[PDB]
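Please read the structure below before turning to the comments.
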Amino acid sequence: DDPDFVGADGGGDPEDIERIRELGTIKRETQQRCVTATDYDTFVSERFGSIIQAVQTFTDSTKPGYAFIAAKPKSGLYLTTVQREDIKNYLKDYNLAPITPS
Amino acid sequence: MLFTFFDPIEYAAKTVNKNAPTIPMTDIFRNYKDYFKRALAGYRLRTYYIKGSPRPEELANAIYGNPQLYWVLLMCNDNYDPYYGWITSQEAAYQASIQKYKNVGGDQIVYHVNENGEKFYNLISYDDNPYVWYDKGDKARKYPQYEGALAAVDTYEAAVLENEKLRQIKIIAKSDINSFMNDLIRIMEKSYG
Amino acid sequence: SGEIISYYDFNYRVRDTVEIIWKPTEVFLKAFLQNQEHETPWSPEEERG
Amino acid sequence: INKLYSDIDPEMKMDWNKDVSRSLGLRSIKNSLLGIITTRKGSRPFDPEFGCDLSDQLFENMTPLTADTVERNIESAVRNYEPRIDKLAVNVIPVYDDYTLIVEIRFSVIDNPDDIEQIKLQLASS
Numbered sequence: 306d307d308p309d310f311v312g313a314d315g316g317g318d319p320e321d322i323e324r325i326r327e328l329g330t331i332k333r334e335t336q337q338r339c340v341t342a343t344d345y346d347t348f349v350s351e352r353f354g355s356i357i358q359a360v361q362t363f364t365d366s367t368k369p370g371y372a373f374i375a376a377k378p379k380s381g382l383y384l385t386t387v388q389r390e391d392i393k394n395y396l397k398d399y400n401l402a403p404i405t406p407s
Numbered sequence: 001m002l003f004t005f006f007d008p009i010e011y012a013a014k015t016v017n018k019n020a021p022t023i024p025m026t027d028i029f030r031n032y033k034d035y036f037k038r039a040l041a042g043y044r045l046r047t048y049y050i051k052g053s054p055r056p057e058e059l060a061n062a063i064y065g066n067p068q069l070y071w072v073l074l075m076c077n078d079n080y081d082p083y084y085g086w087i088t089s090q091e092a093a094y095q096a097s098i099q100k101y102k103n104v105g106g107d108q109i110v111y112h113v114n115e116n117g118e119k120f121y122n123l124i125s126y127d128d129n130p131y132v133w134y135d136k137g138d139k140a141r142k143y144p145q146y147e148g149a150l151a152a153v154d155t156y157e158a159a160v161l162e163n164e165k166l167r168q169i170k171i172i173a174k175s176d177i178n179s180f181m182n183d184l185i186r187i188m189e190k191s192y193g
Numbered sequence: 591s592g593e594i595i596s597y598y599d600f601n602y603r604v605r606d607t608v609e610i611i612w613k614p615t616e617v618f619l620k621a622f623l624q625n626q627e628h629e630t631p632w633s634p635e636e637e638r639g
Numbered sequence: 004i005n006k007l008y009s010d011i012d013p014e015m016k017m018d019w020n021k022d023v024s025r026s027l028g029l030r031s032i033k034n035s036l037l038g039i040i041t042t043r044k045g046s047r048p049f050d051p052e053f054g055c056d057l058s059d060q061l062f063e064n065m066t067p068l069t070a071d072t073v074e075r076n077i078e079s080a081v082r083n084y085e086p087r088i089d090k091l092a093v094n095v096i097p098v099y100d101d102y103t104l105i106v107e108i109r110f111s112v113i114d115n116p117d118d119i120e121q122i123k124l125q126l127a128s129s
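Protein chains in written order, with the deposited numbering: chain h, 306 to 407; chain f, 1 to 193; chain S, 591 to 639; chain e, 4 to 129.
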């Protein structure tokens, strides 16, 4: 353990019939896919923002099919590679078919 | 009844440590003693006596019918402490005396008082003539500072006379107590600004 | 000999290689006993005097 | 409702498991009542009106008036400081030989105004 504890977790109404409305009002908006730019990094930095301090997604119109994200591993001035293969891997799950994020 | 009158003040604990939070509190730091002089000076104080060993404010009711004004009595009494400044029963006083002397010693004969009432401190008779008194630290045999029959004072009894003095108080008439009240109040407005 | 001294959580997950120095100059541990005494209570007292 | 009106045990008895003992609901109500009655008037620090006064002189000589006079005060006293009792009735029997007031009080807590319960109190020292 860490020195933060309670005997158990879990519970819930579950519903809270009003509170769920939002949740329903929300998830209808959600995507499992990643598209645009800032959709990615969010979902991206959901993973190891502990490493990439902030991930900055961008493209270039001159070259389609591709996506760029900016990463400080914050352990180093340059993002180390082993991440770059680890991430893009895990990333690769959601890639808009015409597009290869990079 | 007073301190609630003025606005409560915020207070910083700075100078205990360079950073401590600031706290609001009801104000003790208006003097009130000068506040109750100026207004007080208008009328008069009337000496007064106490029937027993009551509490100041418990006693403050019977005179004025209002328990809330104890302080009026208090400032006319202007004692140092409300706890030991007041009349006190024999039981406590002795115990109080018991307390204060206990480490030194119990039942300590405090002083010799002559017939005339003159307290004689630090005195003992060499016992050959109990009427001649050589004081003490002397080993006697020398310099009896007095001769005759004197009383000695028991620390219990000693406690009594102390609290005894507290009996009479100077007070202001229950008639004027009201008329007085407004004036001081008005002064506090001048004292607010 | 057994058991464990301590655990390096590694902060994230890597593959195939690892390199680590102790930023406290290769010594990870400096253990500190300084200045405490346990016993001291507080109690009433007679002031004498 | 015995859960309600949780009050400290007046004696501060040792309770098993070591916590402060307690007067339970309606067990406390008696205590507070039992507390308010005995107390001499004026003995509260800032409240002179508290307590039901007793004059041993008047306490010495009982008359249906003197009884009645006392009969009001308690009924009066309890009524002011104890809202937990809705319907309350006092009975005082002064006893001639030792000059002792014994007092019965039937009262009803708010929650069970139809229920009736009485207490037996006697007073002495004439």
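We treat Cβ as the ideally placed atom computed from N, Cα and C, and that holds for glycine.
If the five residues before and after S191/f are omitted, its C-beta is found closer than 7 Å to the C-beta atoms of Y35, all from its own chain and listed in chain order. Chain S places no beta carbon closer than 7 Å to that of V349/h, leaving this residue out of the contacts. Counting only residues of its own chain and dropping the five nearest sequence neighbours on each side, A20/f has a CB closer than 8 Å to the CB of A12, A13, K14. In the DSSP assignment, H112/f forms a beta bridge with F120/f, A152/f. Under the three-state reduction of DSSP output, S129/e falls in the coil class, being neither helix nor strand. Going by DSSP, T72/e is part of the alpha helix (DSSP H) stretching over 67-84. Within 9 Å of the CB of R638/S, no CB atom of chain h is found; the nearest one sits about 47 Å away. The C-beta separation of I39/e from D114/e comes to about 20 Å, leaving the pair out of contact by the 8 Å criterion.
About 6 Å separates the beta carbons of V340/h and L401/h, which is inside the 8 Å limit, making them a contact pair. By the neighbour-count definition (other C-beta atoms within 10 Å, threshold 16), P403/h is an exposed residue.
Chain-ordered listing is empty here: chain e has no CB closer than 9 Å to the CB of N116/f, the nearest sitting near 42 Å. The C-alpha of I172/f is placed about 8 Å away from the C-alpha of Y43/f. Looking at the DSSP output, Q361/h bridges to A375/h.
Contact between the segment 142-160 of chain f and the segment 112-132 of chain f is established, with three or more Cβ pairs separated by less than 8 Å. Within chain S, the residues placing a beta-carbon under 8 Å from that of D391/h are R603, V604, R605, ordered along the chain. Look at the segment 73-94 of chain f: it has no residue with a C-beta under 8 Å from a C-beta of chain e. Burial check for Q108/f: the Cβ neighbour count within 10 Å stays below 16, so the residue is exposed.
In its chain, beyond the 5 residues on either side, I357, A359, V360 have a beta carbon closer than 8 Å to the beta carbon of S350/h. In the displayed model, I122/e falls within a strand according to three-state DSSP.
Around the Cβ of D117/e, a 10 Å sphere holds fewer than 16 other Cβ atoms; the residue is exposed.
As a beta-bridge residue in DSSP terms, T103/e pairs with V98/e. Two segments are said to touch when three or more pairs of C-beta atoms, one from each, lie closer than 8 Å; by this definition the segment 45-52 of chain f touches the segment 165-184 of chain f. Per the DSSP secondary-structure output, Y11/f pairs in a beta bridge with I23/f. Residues of the segment 44-66 of chain f that bring their beta carbon within less than 8 Å of a beta carbon in chain e comprise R55, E57, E58, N61, in sequence order. In this structure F353/h is not in contact with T364/h, their Cβ atoms being roughly 22 Å apart against a cut-off of 8 Å.
In this model, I187/f and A39/f are separated by some 7 Å (Cα to Cα). Secondary-structure assignment with DSSP links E63/e through no beta bridge to anything. Taken in chain order, the complete beta strand (DSSP E) segments of 3 or more residues contained in the segment 44-85 of chain f are 46-48.
Of the candidates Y94/f, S53/f, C76/f, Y126/f, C76/f places its Cα closest to the Cα of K33/f. Closest by C-alpha distance to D100/e, out of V81/e, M65/e, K90/e, is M65/e. Counting only residues of its own chain and dropping the five nearest sequence neighbours on each side, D27/f has a CB closer than 8 Å to the CB of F3, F6, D7, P8, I9.
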